[PDB]
Structures are given as C-alpha cells and as structure tokens.
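Reading through the structure tokens given below for one structure.
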Amino acid sequence: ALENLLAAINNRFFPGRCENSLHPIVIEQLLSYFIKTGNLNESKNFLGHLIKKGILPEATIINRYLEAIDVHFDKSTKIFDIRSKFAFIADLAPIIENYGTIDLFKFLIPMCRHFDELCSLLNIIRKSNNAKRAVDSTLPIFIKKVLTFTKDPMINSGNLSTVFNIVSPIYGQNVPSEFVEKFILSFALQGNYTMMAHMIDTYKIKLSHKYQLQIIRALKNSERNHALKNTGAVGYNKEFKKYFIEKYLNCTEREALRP
Amino acid sequence: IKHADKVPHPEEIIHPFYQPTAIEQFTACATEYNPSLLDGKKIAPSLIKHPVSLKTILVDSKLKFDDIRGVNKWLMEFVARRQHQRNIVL
Amino acid sequence: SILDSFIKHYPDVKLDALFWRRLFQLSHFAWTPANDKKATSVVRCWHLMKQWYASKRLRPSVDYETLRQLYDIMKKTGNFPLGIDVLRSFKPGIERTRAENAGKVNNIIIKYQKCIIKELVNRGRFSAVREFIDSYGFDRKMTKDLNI
Amino acid sequence: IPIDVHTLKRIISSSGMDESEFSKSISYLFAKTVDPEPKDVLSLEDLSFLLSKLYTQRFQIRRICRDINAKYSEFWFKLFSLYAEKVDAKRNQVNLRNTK
Amino acid sequence: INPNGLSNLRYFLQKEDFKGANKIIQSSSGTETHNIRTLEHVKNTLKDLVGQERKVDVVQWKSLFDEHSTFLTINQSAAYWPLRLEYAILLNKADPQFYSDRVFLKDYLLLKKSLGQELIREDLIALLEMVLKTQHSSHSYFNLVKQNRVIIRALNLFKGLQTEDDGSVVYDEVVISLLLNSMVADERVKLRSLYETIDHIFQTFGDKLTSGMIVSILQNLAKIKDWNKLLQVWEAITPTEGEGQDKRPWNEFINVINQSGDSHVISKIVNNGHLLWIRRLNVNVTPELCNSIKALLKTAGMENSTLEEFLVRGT
C-alpha cells in the first residue's frame, strides 16, 4: 500500500522529480523506513537526494544504512565484493572527511584494499576531533587490514613505522599500554627489531613475562613465516638478533623456552 | 588485441575519501613509461562506458596512463572535484 | 628547383606543416585536369614530404581537405584506385594524438570512410578502436547484384 | 574571462548603439573581469593592459559573434576612438617634446 | 673491548688480510661507544683507499662492515646515519657496477624506512648527486628513461605518509631543480615528461613559487630550445597579473636569452609582443638589470632609444 501511494504521488504531482523535493525531515524518515524494509535502491536514491539538499542525516540513520548494506549481501568481504559494495558510497563522500561517525570509519576500514588507499583515511581521522575514540574503536581492525596488504617485511615495516609516527601525535604521550602491546604483537612479526627495542624503553610497560602466551606465539609465527618472507633476514638474522634475544627474556621462560 | 583498459575521466571514478596528495601527482607527472595511479592496482570503481556497452558499467580500472600528454590535466581535474566535495558543508 | 638547390646546399631546415600544406594548395591550383587528368604535382609533393629526412615522425594534422578533393577523382595512380593510393596517408597520424575529438578533423575521417568501396574482404581495417564497420554498404550492393 | 556568456556579447552589441554610454560600459567590462579596481572610471594604462587581453580572446568572441559580425567592427572602432582621445589628452601636456 | 681497534686495522686493511684484519674488529665490541668506534674510522680508512684508487673490494668491504653491524649503533641512529651515508656514497663512487644505485636504495633508503627513523631532506639531494655522477649503458634516449625509472622508484619509497615531511621535499627547493636537470641532459635527448612536469609546477607550485625553480625551469628550457612553450610559461602568471610587482625574474630571462639567443626568436620576442609588460606591472629594474638589457639590446635589435631607453625611464 505504501509503495502504491508513493508511485501514485510521484506520477500525478510532478513526473520530472521524485519525493526528494519534500521537507528534508520527511526524506530522512523515508530513508529510515526503506532501510527497515531493506530497499537499498530507494535508500541510495533518497540519501543522494538528501546530500544535494545540504542536509546532514543523523548518525543512527547512517549506521542503519551501513548495516543494511552489510546484511543485503551477507557481507563476507572477498575479491568479488567492494566493487559491488561500491555505488552506495558516492553520496557519502561529503560525510567522510568532514563529519564522520565511528560506524562509518569501521565500515570503510576493510574496503581499503591498499595501504595508500587508507593513508588518506588515517589522515582525515587525525584531522577530526573524534580521532581518539575512533582510533580506540578501529585500531585492531586497522592493524589486520594493513597487515593483510604489504606481505613483504620491508614495505609493511615502513608502513607500520609511518602509522606509528602519525599516531604518536594522537593521545599526545602516554598511549594506553593496550595499544602498545597490540602494536608490538603485530610488530614482533617481520623485523624493525630496533624500533621495538626503543619502544620498550620509550614507555613504562617493561613486561618481559609471557603476554598470556602471545609473545612466544609471535616469535613462533615469525620463525614460521621466516621461510616464506625475510628468508635472507638482512639485519634480522640471528647473528644480529642474538643481542635482542638475550636482552628481553623473563625467568619464567628458560631462554625463550629453548626454541 | 584485447581491450587496453583505457583510463576513464575522473567523473567516472567514484571514491569517497581518496585524496591524491601532491607528491603522488608529481610522481604521476614525472613518469614517462606508462604512468599510473595507485601503482596500477586495478582498484578504482569507474562509471565507465564500454565501447559496445555504454551503460555506465561500474568496474575497477588500472588508472594506467598509456600516454604522457593530458595526464596533468587529469590530476588537476580530479583534485578540483575532491576539493569541491570536501568544501561543501552539511 | 630554387628550394631544392637551397636545402641541398644548406643544412636541414624546420619545414613546418604549413610549408607542406601551402605547397599542396599551390600544386592543386597548378595541376590542370584538362591538360593532364593525373595529379602529378600533389602526389609528387606528397612523396617529397614522406621522404623528407625519411619523415622523422611526420604525423601532423592540418585538415588536409586537399587530399579529400584529390580522392574525389579516381583511377590516377599505379594501382587501380586513386583513393587507396592516397590511403598510404593513413599511416602517418594513425594515433591521432592531437586530434582527440571535435573540430573538422574527426568530421573528415568519418567523411573519409567513403574510400572503401565494393564488397570485398577488408580485414586489415585496424583504424581505431570502436569503429562503425557495420553502418555502410551491405544492402545497397548485394540486392543490386542479384537484380542484374 | 574577458569574454563572457552573452554578457560581453550583449555589451559589445550594446543597447542598439554605443553612444556616450559605452565609456562606463567598458568601465564595467574591466571591472568584473580581472583587476576590478573600483576607484576610477577610465585610465590609459588600464586600457593598454586590457587591449592585449582583448586581442588574445578576440578569436573566441568573433566565434560566438560570428552570427552577428556587424556591431563587432563598430565596437572595435569605438575602442580605438577612446584610445585615440586618451592619447590626445596626454599629448596636450608637453612632457616629452610635442607628439611623441 | 679491544684497544687495538682504529689504531692498527688500517695496516692490515690496506693489504686486505681478510681474517688478519677482521680479527681485531671481532675482538672490538662491548659498549655503545665501542660499537661506534667499530663502525667509526672505517670511513676514514675507506677514504684513504679511495685516495689509493682501489675500487674492486666492494663486496669484501660490504661483508666486512655488515658482519659487525651492531645494534647499539642503530640505537643512536640519529648520529649514525650520516656515517652510513658516507659509507654508501663512498662505495657508490668506487665501482658502482657492483653497487648500482638500486643497491644504494635497498641498503639505505629501504632499511632506514623500515627501521622507522625519519627521512632527512638531504637524502634526495645525495641520491640525485650520485645518480648523475655515473650513467649506465644504452645511450640512445634510454639513459634518461632508466634514470627516470630509478628515481621515480626511489622517491616511491615515501608515497605514503609525511615521514616528518609536512613541507615535503617537493616543496623544498634545489631538489626539484636538480632532479629536473638530471632527468634531461640537453637537446640531444628530450623526454616526454618535461611539459607535464613544469606545467604541474606552474599550476600547483605557483602559490609558493620561488626564484629557484622559476629560474631552473628557464635554464633547462633553454637547453631544449623550446621557445614556443617557453613563452607560454613566461606569460603565464599564477597570481593575477603582477600582484605585488613582478614575481617572475626578468633579469634571469635577459641573461638566459643572451645565451644562445637565436636572431629570429629574439627579434620576435623583442618586437612581436612579449615585452612592454614591465611598464604595465610597474616592477623595479635593478641597475645591474638595466646594464644587462643594455648589453642584450646592443647584441639584439635597436639598442639606442626604443625598447632600451624605453621601459627604463617610462618612455
């Protein structure tokens, strides 16, 4: 009945323009109804119309847009996706950069298929007043995405260092140890031994004990991945890594649990 | 020979937050051997018109400049659009 | 003769496209269809520019409607058509790097397609991508052959 | 741009004739275009600057005004008349010799 | 901690006794200062070797100072990096065939970025310096091509974040001029990127245009003898006309056209337009500038009154 009403109104009143000319609040309500009914085509049309009218939709409605997009195609990001996931983001460009809720950022974290793709993403978070809480929410997923790309230790090592020096302004100093250890876990892999060596002394974590099985797991993954990447281990070889192996090691593990 | 994946104009390409920095534009302009954007990653959903299918098919493109002339115009035109989109307030 | 004696007694000079274009026009006003129904002047100049310093990347685009006018008259060359002899002009400037679109250039190329004639096997028509090979001829010839 | 979308075209065609009202017309012409400078009504240096711009864009204006191609020549004549009378105004002052 | 370090290594290092010279450095270890010593004064010995003109020990030296790469030296990398830069340039100038510029990139630019230390602006300057120092084979319009390939990939190392370059090296002067000079040698070989490069310079860098790049562009454009586009770029001014006098260097244009300066082109540029804008924009002519134009017009046309005395006193 509602669809029949909409068609009759649009066809009779004026065929050259749809209901988008109505008062924006009604357009927002229509967008909410369509999302609750999962009409993505109509939702994108009305949302594109709202943006051109200089109207900022409410955060919850945009989040409902995101979840409707996710549930329409059972999510499950893959090679086939993204491009299909696109065509529903054009009208959202004004709300990225300027404004931008945390749900939006988390929605776009996975769709960045390249490090340089997310370079602008992290740049505009750093330029947003919501940088601290958004980083708090989306850093782990960000770590997974950045590690997914840049398989080679060198290029991802440089990428991680760049993210480090651009996030250091965030939170000023005394970053919570949760992100320090989370970064180190994703950083113990590959190389950059020296900068993590600096990192332990930089902050007051000074925890050589087992990271609840994670430190030795990280070393195990590194040596397992050593065959695939960093085979030469220029600078990362045991001939160099010996000093760091014997530097940070708790009494709980007998020489890194004799690996 | 098959299609060469000719670069489309910035109007076709749709990306919310891809801001091309100055340094990458200089990189594209200074390249003389098949320049490209995003290192030719084939990630650029483009509202492109195929020669036999002019139906605004959406497909990621290489964004690889076959030639060198006009690429600079491409960069200024793209950045102009992105700045315009960024400027508008809601 | 004056120009020839000049450039063989002088280093190479920058013979711009205007020089050749004006030379073609002068030859067009020079050759007389009645006295000689064989445009030797235009073709000779065309060869001259083609072999000028081996025509180092000589691919200009100066709206050579003179070539179209010459093609309008037929059977004035070694091969049986005059136009296909003029078709050698196609290889210079295939890419149309400057002639991207608009202007009279693209309008004369789409007008230049009349060079093709008769129903034959022309599979060497690389030309340019997205060409309307299926918008001319066909029903205008096969039915006439059948009716004869 | 000095040439505009029917704007400079409407001005060069004028309201039928230039008459004495064309002086302020060109005043608005170099006002809306680059270097507005809303402080004077006419200056020789400003006209000398504007002349080169008119020469460069004279190609496009003729293209759009090719349909009319009638008041175009008169407009150029009026511009010359203003240039000549300004020159004469300077000439009345001695400065360097008489008619340099 | 071997006190014999940096006092006797040189004698066995000139002769390259392998283990004979490596034993002392092996015995030298311990504190961070000793680590610096182990990695210091080797540059002095290498420079002495260059004074001896010895360029066949690149691999042996590479193994020598890679075996003793201490972690403490990397720990104070802020002061260690210049030492490694000196090492790398010295190897490059000594038989670069085994130490091609790509080797320099992998061993210095890549590792430095991985280790996380911020890239100082001088890295690009040295990169261009040693790239233009020597050239490879295929000297038919391909030296420029592969030089562009190596440079573009070298600078591709930092197409990511600022790396402490908010005023990126692109905005830094000198580096751009040197790269422009390197990517084309002379009229003999001209690439297809010139027009794109300096057009990008004009559109984007016009807001912060400096005398440096606006001078090098003219100097390089003179070599290619591309007057038709040279006059376009000269006539093109990013600010509205001469807002705040003329920013474009008029003296440098006089000096460059004085060099070479074909009679036909100078005649066209002096008489056929491309002049008299000095009086339009009211820029101050330096007395040295007035003398330069006086000499130019003495070589060029009509030095006496018109276009020489004119625009100087306003005539």
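Naming works like this for the structure tokens: A, B, ... for the chains as they're shown, residue 1 at the start of each chain, ligands 1 onward in shown order.
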Next item on the list: Compute the set of chain A residues within 12 Å of chain B, using only C-alpha atoms, and express it as an NGL selection string.
Entry: :A and (50-58 or 79-100 or 104-105 or 108-109 or 111-125 or 149)
For the selection just defined, write its residues with C-alpha atoms to a file, as a CSV table (one decimal), in the first residue's frame.
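Final output, out01.csv:
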```csv
chain,number,residue,atom,x,y,z
A,50,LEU,CA,19.3,14.5,0.8
A,51,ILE,CA,23.0,15.3,0.5
A,52,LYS,CA,22.5,17.5,-2.6
A,53,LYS,CA,19.9,19.5,-0.4
A,54,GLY,CA,22.6,20.4,2.2
A,55,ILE,CA,21.2,18.1,4.9
A,56,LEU,CA,23.3,16.0,7.3
A,57,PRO,CA,21.5,12.8,8.2
A,58,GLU,CA,21.5,11.6,11.8
A,79,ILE,CA,37.6,-10.2,-4.3
A,80,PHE,CA,34.1,-10.1,-5.9
A,81,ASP,CA,32.9,-7.6,-3.3
A,82,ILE,CA,34.0,-4.0,-2.7
A,83,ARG,CA,33.1,-3.0,-6.3
A,84,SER,CA,29.5,-4.4,-5.7
A,85,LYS,CA,29.8,-2.7,-2.2
A,86,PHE,CA,30.5,0.5,-4.1
A,87,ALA,CA,27.9,2.6,-5.9
A,88,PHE,CA,26.4,3.2,-2.4
A,89,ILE,CA,29.2,5.5,-1.2
A,90,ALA,CA,29.2,8.3,-3.7
A,91,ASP,CA,26.7,10.5,-1.8
A,92,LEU,CA,28.6,9.7,1.4
A,93,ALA,CA,31.8,11.5,0.3
A,94,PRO,CA,30.8,14.8,2.0
A,95,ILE,CA,30.2,12.9,5.3
A,96,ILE,CA,33.6,11.2,5.1
A,97,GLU,CA,36.4,13.7,5.9
A,98,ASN,CA,34.0,16.4,7.1
A,99,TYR,CA,31.9,14.8,9.9
A,100,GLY,CA,32.0,11.0,10.1
A,104,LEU,CA,31.4,4.8,9.2
A,105,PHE,CA,35.1,4.6,9.8
A,108,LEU,CA,35.4,1.7,5.5
A,109,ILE,CA,38.4,0.1,7.3
A,111,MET,CA,37.2,-1.7,2.0
A,112,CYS,CA,40.6,0.0,1.9
A,113,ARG,CA,42.4,-2.6,-0.3
A,114,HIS,CA,45.7,-0.7,-0.4
A,115,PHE,CA,47.9,1.0,2.2
A,116,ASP,CA,47.9,4.2,0.2
A,117,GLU,CA,44.1,3.8,0.0
A,118,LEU,CA,43.9,4.1,3.8
A,119,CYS,CA,46.6,6.7,4.0
A,120,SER,CA,44.1,9.4,3.3
A,121,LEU,CA,41.7,7.6,5.7
A,122,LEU,CA,44.0,7.8,8.6
A,123,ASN,CA,44.9,11.4,7.7
A,124,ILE,CA,41.3,12.5,7.9
A,125,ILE,CA,40.8,10.8,11.3
A,149,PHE,CA,48.4,-6.0,2.4
```
Next item on the list: Considering only C-alpha atoms, return as a PyMOL selection string whatever protein or nucleic-acid residues lie within 10 Å of residue B:64, sequence-local ones (same chain, fewer than 2 positions apart) excluded.
Entry: chain B and resi 4-8+28+34-42+61-62+66-67+71
Restricted to C-alpha atoms, what would the selected residues look like written as a JSON list (two decimals), in the first residue's frame?
```json
[["chain", "number", "residue", "atom", "x", "y", "z"],
["B", 4, "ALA", "CA", 43.75, -1.91, -23.40],
["B", 5, "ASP", "CA", 41.78, -0.81, -20.31],
["B", 6, "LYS", "CA", 41.88, 2.85, -21.29],
["B", 7, "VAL", "CA", 41.82, 5.22, -18.32],
["B", 8, "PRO", "CA", 38.46, 6.95, -17.73],
["B", 28, "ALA", "CA", 52.47, 10.52, -11.98],
["B", 34, "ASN", "CA", 53.21, 4.04, -18.71],
["B", 35, "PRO", "CA", 52.39, 6.23, -15.69],
["B", 36, "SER", "CA", 49.62, 5.09, -13.38],
["B", 37, "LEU", "CA", 47.70, 5.85, -10.20],
["B", 38, "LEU", "CA", 47.69, 3.61, -7.13],
["B", 39, "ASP", "CA", 50.58, 1.79, -8.84],
["B", 40, "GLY", "CA", 48.09, 0.27, -11.29],
["B", 41, "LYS", "CA", 46.33, -1.69, -8.55],
["B", 42, "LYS", "CA", 43.08, -2.11, -10.53],
["B", 61, "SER", "CA", 40.23, 0.34, -13.51],
["B", 62, "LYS", "CA", 44.02, 0.25, -13.65],
["B", 66, "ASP", "CA", 49.00, 4.92, -21.74],
["B", 67, "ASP", "CA", 50.50, 8.25, -22.86],
["B", 71, "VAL", "CA", 47.75, 13.31, -17.52]]
```
Determine, counting only C-alpha atoms, which protein, DNA and RNA residues have an atom within 12 Å of an atom of stretch 33-41 of chain C; residues of the same chain fewer than 6 positions away are not included. Present the result as a PDB file with N, CA, C and O atoms, in the first residue's frame.
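As written to disk, part_33.pdb reads:
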```pdb
ATOM      1  N   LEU C  23      52.223  24.276 -49.965  1.00  0.00           N
ATOM      2  CA  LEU C  23      52.741  23.661 -51.181  1.00  0.00           C
ATOM      3  C   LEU C  23      51.675  22.805 -51.852  1.00  0.00           C
ATOM      4  O   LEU C  23      51.521  22.838 -53.078  1.00  0.00           O
ATOM      5  N   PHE C  24      50.926  22.031 -51.061  1.00  0.00           N
ATOM      6  CA  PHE C  24      49.850  21.221 -51.625  1.00  0.00           C
ATOM      7  C   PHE C  24      48.801  22.096 -52.296  1.00  0.00           C
ATOM      8  O   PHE C  24      48.352  21.799 -53.409  1.00  0.00           O
ATOM      9  N   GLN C  25      48.395  23.182 -51.633  1.00  0.00           N
ATOM     10  CA  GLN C  25      47.397  24.067 -52.218  1.00  0.00           C
ATOM     11  C   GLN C  25      47.906  24.681 -53.514  1.00  0.00           C
ATOM     12  O   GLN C  25      47.181  24.727 -54.515  1.00  0.00           O
ATOM     13  N   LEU C  26      49.159  25.137 -53.525  1.00  0.00           N
ATOM     14  CA  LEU C  26      49.723  25.703 -54.744  1.00  0.00           C
ATOM     15  C   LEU C  26      49.727  24.678 -55.869  1.00  0.00           C
ATOM     16  O   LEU C  26      49.373  24.994 -57.010  1.00  0.00           O
ATOM     17  N   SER C  27      50.117  23.439 -55.562  1.00  0.00           N
ATOM     18  CA  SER C  27      50.093  22.389 -56.573  1.00  0.00           C
ATOM     19  C   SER C  27      48.675  22.140 -57.064  1.00  0.00           C
ATOM     20  O   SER C  27      48.455  21.903 -58.258  1.00  0.00           O
ATOM     21  N   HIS C  47      54.962  12.555 -51.889  1.00  0.00           N
ATOM     22  CA  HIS C  47      56.147  11.718 -51.740  1.00  0.00           C
ATOM     23  C   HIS C  47      57.313  12.522 -51.180  1.00  0.00           C
ATOM     24  O   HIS C  47      58.051  12.038 -50.316  1.00  0.00           O
ATOM     25  N   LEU C  48      57.484  13.757 -51.650  1.00  0.00           N
ATOM     26  CA  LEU C  48      58.583  14.585 -51.167  1.00  0.00           C
ATOM     27  C   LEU C  48      58.545  14.715 -49.650  1.00  0.00           C
ATOM     28  O   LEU C  48      59.558  14.512 -48.972  1.00  0.00           O
ATOM     29  N   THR C  66      42.471  18.976 -49.090  1.00  0.00           N
ATOM     30  CA  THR C  66      43.017  18.803 -50.431  1.00  0.00           C
ATOM     31  C   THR C  66      43.124  17.326 -50.785  1.00  0.00           C
ATOM     32  O   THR C  66      42.826  16.926 -51.916  1.00  0.00           O
ATOM     33  N   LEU C  67      43.543  16.499 -49.826  1.00  0.00           N
ATOM     34  CA  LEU C  67      43.598  15.062 -50.065  1.00  0.00           C
ATOM     35  C   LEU C  67      42.211  14.511 -50.369  1.00  0.00           C
ATOM     36  O   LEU C  67      42.048  13.677 -51.267  1.00  0.00           O
ATOM     37  N   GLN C  69      39.750  16.201 -51.724  1.00  0.00           N
ATOM     38  CA  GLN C  69      39.427  16.646 -53.074  1.00  0.00           C
ATOM     39  C   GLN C  69      40.129  15.788 -54.117  1.00  0.00           C
ATOM     40  O   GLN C  69      39.528  15.404 -55.127  1.00  0.00           O
ATOM     41  N   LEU C  70      41.405  15.471 -53.890  1.00  0.00           N
ATOM     42  CA  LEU C  70      42.123  14.612 -54.824  1.00  0.00           C
ATOM     43  C   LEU C  70      41.488  13.231 -54.886  1.00  0.00           C
ATOM     44  O   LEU C  70      41.369  12.640 -55.965  1.00  0.00           O
ATOM     45  N   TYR C  71      41.073  12.694 -53.736  1.00  0.00           N
ATOM     46  CA  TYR C  71      40.452  11.377 -53.730  1.00  0.00           C
ATOM     47  C   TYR C  71      39.126  11.377 -54.480  1.00  0.00           C
ATOM     48  O   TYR C  71      38.729  10.343 -55.029  1.00  0.00           O
ATOM     49  N   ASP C  72      38.428  12.515 -54.514  1.00  0.00           N
ATOM     50  CA  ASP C  72      37.158  12.574 -55.231  1.00  0.00           C
ATOM     51  C   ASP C  72      37.316  12.129 -56.675  1.00  0.00           C
ATOM     52  O   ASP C  72      36.402  11.524 -57.245  1.00  0.00           O
ATOM     53  N   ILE C  73      38.465  12.411 -57.281  1.00  0.00           N
ATOM     54  CA  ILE C  73      38.790  11.916 -58.614  1.00  0.00           C
ATOM     55  C   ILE C  73      39.545  10.605 -58.453  1.00  0.00           C
ATOM     56  O   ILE C  73      40.366  10.454 -57.541  1.00  0.00           O
ATOM     57  N   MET C  74      39.270   9.653 -59.339  1.00  0.00           N
ATOM     58  CA  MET C  74      39.663   8.266 -59.147  1.00  0.00           C
ATOM     59  C   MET C  74      40.502   7.778 -60.323  1.00  0.00           C
ATOM     60  O   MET C  74      40.503   8.370 -61.406  1.00  0.00           O
ATOM     61  N   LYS C  75      41.225   6.683 -60.087  1.00  0.00           N
ATOM     62  CA  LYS C  75      41.992   5.994 -61.124  1.00  0.00           C
ATOM     63  C   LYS C  75      43.045   6.922 -61.734  1.00  0.00           C
ATOM     64  O   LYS C  75      43.048   7.207 -62.933  1.00  0.00           O
ATOM     65  N   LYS C  76      43.944   7.398 -60.876  1.00  0.00           N
ATOM     66  CA  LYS C  76      45.016   8.300 -61.281  1.00  0.00           C
ATOM     67  C   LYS C  76      46.315   7.931 -60.579  1.00  0.00           C
ATOM     68  O   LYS C  76      47.037   8.800 -60.078  1.00  0.00           O
ATOM     69  N   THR C  77      46.629   6.640 -60.525  1.00  0.00           N
ATOM     70  CA  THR C  77      47.833   6.175 -59.852  1.00  0.00           C
ATOM     71  C   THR C  77      48.231   4.828 -60.437  1.00  0.00           C
ATOM     72  O   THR C  77      47.582   4.303 -61.346  1.00  0.00           O
ATOM     73  N   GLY C  78      49.316   4.265 -59.903  1.00  0.00           N
ATOM     74  CA  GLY C  78      49.767   2.967 -60.373  1.00  0.00           C
ATOM     75  C   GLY C  78      48.738   1.875 -60.145  1.00  0.00           C
ATOM     76  O   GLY C  78      48.487   1.051 -61.028  1.00  0.00           O
ATOM     77  N   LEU C  82      42.660   5.524 -57.262  1.00  0.00           N
ATOM     78  CA  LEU C  82      43.489   6.612 -56.757  1.00  0.00           C
ATOM     79  C   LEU C  82      43.358   6.754 -55.246  1.00  0.00           C
ATOM     80  O   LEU C  82      44.331   7.117 -54.576  1.00  0.00           O
ATOM     81  N   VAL C  86      46.041   7.097 -52.066  1.00  0.00           N
ATOM     82  CA  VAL C  86      46.015   8.122 -51.032  1.00  0.00           C
ATOM     83  C   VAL C  86      45.900   7.504 -49.646  1.00  0.00           C
ATOM     84  O   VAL C  86      46.288   8.136 -48.656  1.00  0.00           O
TER      85      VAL C  86
END
```
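Close contacts of stretch 110-124 of chain C, defined as residues with an atom at most 10 Å away when counting only C-alpha atoms, with chain neighbours fewer than 4 positions off set aside, comprise residues 65, 67, 68, 71, 72, 81, 82, 83, 84, 86, 87, 104, 105, 106, 131, 132, 133, 136, 137, 138, 141 and 142 of chain C.
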Note to self: Would you mind listing, as a PyMOL selection string, all residues of chain D that have at least one atom within 12 Å of chain E, where only C-alpha atoms are what counts?
What the structure shows: chain D and resi 33-36+44-53+55-56+95-97+100
Note to self: If I take atom CA of residue E:301 and atom CA of residue E:270, how far is one from the other in Å, to one decimal?
What the structure shows: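 Answer for the atom CA of residue E:301 to atom CA of residue E:270 separation: 7.9 Å.
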Using 8 Å as the limit and counting only C-alpha atoms, can you tabulate each residue of chain A that touches chain E, with its shortest atom-to-atom distance in Å and the two atoms involved, as a Markdown table?
```
| residue | atom | partner | partner_atom | distance |
| --- | --- | --- | --- | --- |
| A:115 | CA | E:160 | CA | 7.8 |
| A:116 | CA | E:160 | CA | 5.9 |
| A:119 | CA | E:160 | CA | 6.5 |
| A:154 | CA | E:114 | CA | 5.8 |
| A:155 | CA | E:114 | CA | 7.2 |
| A:156 | CA | E:114 | CA | 8.0 |
| A:157 | CA | E:114 | CA | 4.8 |
| A:158 | CA | E:114 | CA | 4.3 |
| A:159 | CA | E:160 | CA | 7.4 |
| A:161 | CA | E:116 | CA | 4.9 |
| A:162 | CA | E:161 | CA | 6.1 |
| A:163 | CA | E:161 | CA | 7.8 |
| A:165 | CA | E:163 | CA | 7.2 |
| A:166 | CA | E:161 | CA | 7.9 |
| A:191 | CA | E:114 | CA | 7.9 |
| A:192 | CA | E:115 | CA | 4.9 |
| A:193 | CA | E:115 | CA | 7.7 |
| A:194 | CA | E:115 | CA | 6.5 |
| A:195 | CA | E:115 | CA | 6.1 |
| A:198 | CA | E:75 | CA | 7.4 |
| A:235 | CA | E:69 | CA | 7.9 |
| A:240 | CA | E:71 | CA | 7.3 |
| A:243 | CA | E:71 | CA | 7.6 |
```
Next item on the list: Between atom CA of residue C:109 and atom CA of residue C:140, measure the distance and give it in Å to one decimal.
Entry: 21.8 Å
Next item on the list: Pull out every residue of chain C sitting within 9 Å of chain B, counting only C-alpha atoms, and send them as a ChimeraX atom specification.
Entry: /C:97,129-130
Atoms kept (N, CA, C and O atoms) for selection, written as a PDB file, in the first residue's frame:
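Contents of the output file result-v2.pdb:
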```pdb
ATOM      1  N   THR C  97      46.992  11.631 -31.942  1.00  0.00           N
ATOM      2  CA  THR C  97      47.302  12.063 -30.585  1.00  0.00           C
ATOM      3  C   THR C  97      46.743  13.452 -30.317  1.00  0.00           C
ATOM      4  O   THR C  97      46.159  13.704 -29.255  1.00  0.00           O
ATOM      5  N   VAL C 129      39.979   1.800 -32.402  1.00  0.00           N
ATOM      6  CA  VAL C 129      39.007   1.007 -31.665  1.00  0.00           C
ATOM      7  C   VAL C 129      37.646   1.694 -31.719  1.00  0.00           C
ATOM      8  O   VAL C 129      37.544   2.918 -31.868  1.00  0.00           O
ATOM      9  N   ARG C 130      36.587   0.895 -31.598  1.00  0.00           N
ATOM     10  CA  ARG C 130      35.216   1.398 -31.633  1.00  0.00           C
ATOM     11  C   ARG C 130      34.968   2.132 -32.954  1.00  0.00           C
ATOM     12  O   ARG C 130      34.743   3.342 -33.004  1.00  0.00           O
TER      13      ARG C 130
END
```
Item checked: atom CA of residue A:12 to atom CA of residue A:26, straight-line distance in Å ->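 Interatomic distance here is 19.1 Å.
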Set the distance at 12 Å and use only C-alpha atoms: which residues neighbour residue E:261 once local chain neighbours fewer than 4 positions away are removed? I'd like the list as a compact mmCIF listing (two decimals) with C-alpha atoms, in the first residue's frame.
```txt
# COMPACT_ATOMS: atom_id res chain seq x y z
CA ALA E 222 66.84 26.96 -22.86
CA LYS E 223 68.75 23.72 -23.43
CA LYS E 225 65.32 25.24 -27.28
CA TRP E 227 60.76 28.71 -27.21
CA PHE E 253 65.26 35.89 -18.57
CA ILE E 254 67.57 38.53 -20.07
CA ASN E 255 70.63 36.52 -19.04
CA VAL E 256 69.33 33.22 -20.43
CA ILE E 257 68.16 34.66 -23.75
CA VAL E 265 63.48 34.35 -31.87
CA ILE E 266 64.98 37.36 -30.08
CA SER E 267 63.68 39.63 -32.84
CA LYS E 268 60.20 38.13 -32.47
CA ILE E 269 60.27 38.31 -28.67
CA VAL E 270 61.54 41.91 -28.57
CA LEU E 296 71.46 42.40 -24.73
CA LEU E 297 69.94 45.07 -26.96
CA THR E 299 73.65 42.45 -29.37
CA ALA E 300 69.90 42.45 -30.11
CA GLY E 301 67.87 44.98 -32.11
```
